[PDB]
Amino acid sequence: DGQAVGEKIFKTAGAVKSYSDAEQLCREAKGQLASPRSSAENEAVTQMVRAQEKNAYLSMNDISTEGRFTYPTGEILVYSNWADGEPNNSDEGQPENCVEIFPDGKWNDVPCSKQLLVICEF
């Protein structure tokens, strides 16, 4: 089941995990973390966040080069939807290398230790 755009399918079982535990769960299922590359893909992920009532991880991170957000291929973003003033690399001054998506579809950079909804893509 889940939500689809073109050949891409998004699914969740309601699991709530850290970034590294979320990545392991999606890879064990033979997929990867949600990686919305267009407005239409972003809207499909956002509908699932609203249904589950919990912010979700996206795949993308800046662990390599600070301020350059990349996919699991290591390629640069082809699409973004940052909330006003994001990304700011500031959890009360502390580093924020991972990305959460809100129920309004906007994005915020977070610490990779945060516990969030797990949404996978296939």
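Each residue number is its position in the shown sequence, starting from 1.
Participant: Given that the flanking residues are present, does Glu43 go without coordinates in at least a third of the other entries of this protein?
Facilitator: Per the records, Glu43 is modelled in all the other entries.
Participant: Across the other PDB entries of this protein that model residues on both sides of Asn89, is it left without coordinates in at least a third of them?
Facilitator: Residue status for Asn89: gap in at least one third of the other entries.
Participant: On mean Cα temperature factor in this entry, is 12-20 or 94-102 the higher one?
Facilitator: 94-102 has the higher mean C-alpha B-factor.
Participant: On mean Cα temperature factor in this entry, is 29-37 or 67-75 the higher one?
Facilitator: The entry gives the higher C-alpha B-factor average to 67-75.
Participant: When you compare the CA B-factors of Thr46, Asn61, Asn89, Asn81 as listed in the entry, which one comes out on top?
Facilitator: Across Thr46, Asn61, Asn89, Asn81, the entry lists the biggest C-alpha B-factor for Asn89.
Participant: Please place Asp1 in the lowest, middle or highest third of its chain by C-alpha B factor as given in the entry.
Facilitator: Top third by C-alpha B-factor.
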